[PDB]
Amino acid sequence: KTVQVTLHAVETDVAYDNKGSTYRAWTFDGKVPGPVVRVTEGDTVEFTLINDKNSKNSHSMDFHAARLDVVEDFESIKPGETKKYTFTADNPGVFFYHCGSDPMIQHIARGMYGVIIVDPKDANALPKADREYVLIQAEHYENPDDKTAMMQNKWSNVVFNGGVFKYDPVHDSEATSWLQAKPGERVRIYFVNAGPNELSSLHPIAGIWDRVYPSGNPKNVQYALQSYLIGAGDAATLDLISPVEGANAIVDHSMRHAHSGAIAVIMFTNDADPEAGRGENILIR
């Protein structure tokens, strides 16, 4: 089928921790990360980017699910300009999308990143998921304007979905979000490493990845991995099943990353919220 996706380049203040601390973010649609885009393999995506008039910077859009021309299709547009392009989603899986404007390092770091999920045309290529969660890793830099610190990889925090310990009520008592499932259910994690610089060695504490799909593609399946390496600008699908009640903690096992904020708690309870990990609750804000 054909789908219309319109997104705005919005420069606004967003919270980045549990105590309500804000920063001057560059965003898609006024939020970090950007909205989840979900299509089926083979779908035609008609995309539109509107750079808001009140922006002070040129912005662009790069989809990893797209096969196009970088020069003309991914070009930067001025504040008050509108850009359009069309692409088919040829390959199934999970894909990084982000702004590609100069310098990309700053545009990604300030929050211009998201995920596009491409469902396989064969609905039985992947085992049925009972829950779905989007987690995007990024480095937070204290000063959004300091490009030298970004080049020197001097980040302040490594975060999931734009928030320091966003999904960690165990470590941060002021956290208000966490992942939910029942024991026995298959939990599908759509993981993207936005970077711009760092690695992610993703591990579920007190559990194991039942299956891992590099770029989310069914052909690339790997089994019973304790950890998986997701490089900067890469994405993967990871499945998790708990045999018991309690919790797992999804972490970047490079410990200084985890200590700085990269920990997500998933609670396995018999009375789990039926709306959690389903419908439009896949990325928890």
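The first residue of the sequence shown is number 1, and the count goes up from there.
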> Mean CA B-factor: is it higher for 212-220 or for 66-74?
Replying inline: 66-74
> Of 270-278 and 21-29, which one has the bigger average CA B-factor?
Replying inline: 270-278
>> Can you tell me which of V134, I117, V170, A109 has the maximum CA B-factor listed in the PDB entry?
In response: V170
> Per the PDB entry, which option out of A206, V158, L202, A123 has the greatest Cα B factor?
Replying inline: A123
>> Per the entry's values, where does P103 land by CA temperature factor relative to the rest of its chain, in the lowest, middle or highest third?
In response: highest
> Relative to the other modelled residues in the chain, which third contains the C-alpha temperature factor of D52: lowest, middle or highest?
Replying inline: middle
> Which third of the chain holds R188 when residues are ordered by C-alpha B factor: lowest, middle or highest?
Replying inline: lowest
> Going by what the PDB entry lists, where does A194 fall on CA B-factor within its chain: lowest, middle or highest third?
Replying inline: lowest
>> Per the entry's values, where does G93 land by CA temperature factor relative to the rest of its chain, in the lowest, middle or highest third?
In response: lowest
